[PDB]
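# Examining the three-dimensional arrangement
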Amino acid sequence: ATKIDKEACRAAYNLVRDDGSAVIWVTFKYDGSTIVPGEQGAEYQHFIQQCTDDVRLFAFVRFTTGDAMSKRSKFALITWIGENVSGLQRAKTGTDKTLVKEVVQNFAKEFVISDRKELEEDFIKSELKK
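Rules and cut-offs
Residues numbered from 1 in each chain as written, not as in the entry; some residues may be left out. Heavy atoms only, no water. UniProt positions renumbered as here; feature names shortened; annotations may be inferred. Salt bridge = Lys/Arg side-chain N within 4 Å of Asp/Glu carboxyl O. Helix = DSSP H or I, 4+ residues; strand = E, 2+ residues; numbered from the N terminus. Buried < 20%, exposed > 50% of the residue type's maximum accessible area, 1.4 Å probe, protein only. Pairing = 2+ DSSP bridges. Right-handed = clockwise from strand over helix to strand, strands pointing away. Contact = heavy atoms within 4.5 Å. Axes fitted to C-alpha atoms, helices over the stretch in contact; angles between N-to-C directions.

The PDB entry annotates the protein chain as Coactosin-like protein of Homo sapiens. The title field of the PDB entry reads "Three Crystal Structures of Human Coactosin-like Protein". According to the UniProt record, the Function comment for the protein chain is "Binds to F-actin in a calcium-independent manner. Has no direct effect on actin depolymerization. Acts as a chaperone for ALOX5 (5LO), influencing both its stability and activity in leukotrienes synthesis." In its Subunit section, the UniProt entry covering the protein chain states "Interacts with 5-lipoxygenase (ALOX5/5LO) in a calcium-independent manner. Binds to F-actin with a stoichiometry of 1:2."

What follows deals with the pattern of salt bridges. Here the structure, examined in full by the defined rule, presents 7 salt bridges. For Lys6, the salt bridge goes to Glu102, with nearest N and O atoms at 3.9 Å. With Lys6 in helix α1 (residues 6–17) and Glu102 in the loop between α3 (87–101) and β6 (109–113), this pair connects stretches of sequence that are 96 residues apart. For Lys6, a relative accessible area of 33% puts it in the partly exposed group. The class of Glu102 is partly exposed, set by a relative accessible area of 38%. Of the charged contacts in the structure, one is a salt bridge between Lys92 and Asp96, with a shortest N-O distance of 2.8 Å. Of this pair, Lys92 and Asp96 both sit in helix α3, 4 residues apart, which is roughly one turn of that helix.

Turning our eyes to something else, we now look at the pairing of strand β5 (residues 72–81). With 8 of 10 residues buried, β5 lies mostly within the body of the structure. Hairpin connection, strand β4 (residues 56–65) to β5: the antiparallel pair is bridged by 6 residues, and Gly66 has positive phi, about 75°. One ladder, built from 5 bridges, connects β5 with β6; its direction is parallel. The partner of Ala76 across the bridge, within β6, is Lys109. Chirality of the crossover, the property in question, places the unit of β5, α3 and β6 among those that are right-handed.

Here we take up the sheet that holds β6. With mixed pairing, the 6 strands of this open sheet are ordered in space as β1-β3-β2-β4-β5-β6. The outermost strands of the open sheet, each flanked by one partner alone, are β1 (3–4) and β6. α1 contacts β1, β2 (25–31), β3 (34–41), β4 and β5 of the sheet and is inclined by roughly 165° relative to β2. Sitting on the sheet, α3 is in contact with β1, β2, β3, β4, β5 and β6, with an inclination near 55° to β4.

In structure tokens, the structure reads:
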């Protein structure tokens, strides 16, 4: 019965893939049985603040590496599941990720994270490197 507002979520997705946009991260959260857009932001540290132990969420984030003429972007699909989320909802999130991917079609790598330490900007970058 999980549903998704494709239109709304696709707009958030595209907002991030747009270079002429200041928004580098957007989230997708459950509003009852429907996945809808959650918060968005231009500063990555504010994304980490949305990832608490009590919640779960999907996120599409633009990371930037290089500089000047070598500056380039790499997008990541991140599924965040707080340690307090139940085992059953934890499993459900894994299944529903398929629905999210119907919108988040392009990304360099996808992650399933429960430890904020693994959200540290430099860690994610080293991962995207691989």
